[PDB]
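Chain and residue survey
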Amino acid sequence: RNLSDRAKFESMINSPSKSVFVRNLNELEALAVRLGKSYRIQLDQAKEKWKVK
């Protein structure tokens, strides 16, 4: 099924490298907002996971 933004999130959050994280982060943050606010927290968790400060 299309419109599976949750799948994109779970796919991106799977194993993102440093530079890979940033290049995915832009769309990742967009997807997080699209999904809601609870998943946005998980996004922020991934940001802090690496650093993103």
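Residues numbered from 1 in each chain as written, not as in the entry; some residues may be left out. Heavy atoms only, no water.

Method of structure determination, per the deposited record: solution NMR was used for this entry.

Details of the packing of helix α2 (residues 18–35) against helix α3 (residues 38–50)
Two elements in contact, α2 and α3, have axes whose closest approach is 9 Å; the angle formed by their N-to-C orientations is 165°. In terms of orientation, α2 lies roughly antiparallel with respect to α3. Between α2 and α3 the crossing geometry is left-handed. Facing α2, whose interface residues are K18, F21, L25, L28, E29, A32, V33 and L35, α3 presents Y39, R40, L43, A46, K47 and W50. Looking at side-chain class alone, the contact of α2 with α3 contains 10 nonpolar, no polar and 4 charged residues. (Axes fitted to C-alpha atoms, helices over the stretch in contact; angles between N-to-C directions. Helix = DSSP H or I, 4+ residues; strand = E, 2+ residues; numbered from the N terminus. Parallel < 35°, antiparallel > 145°, perpendicular 65-115°, else oblique. Left-handed = near helix turned anticlockwise from the far one by under 90°. Contact = heavy atoms within 4.5 Å. Nonpolar A, V, L, I, M, F, W, Y, C, P; charged D, E, K, R; others polar.)

Points about the environment of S19
Turning to its location among the elements, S19 is positioned in helix α2. Remark: the alpha-carbon pair of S19 and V52, spanning 33 residues in sequence, is separated by 11 Å.

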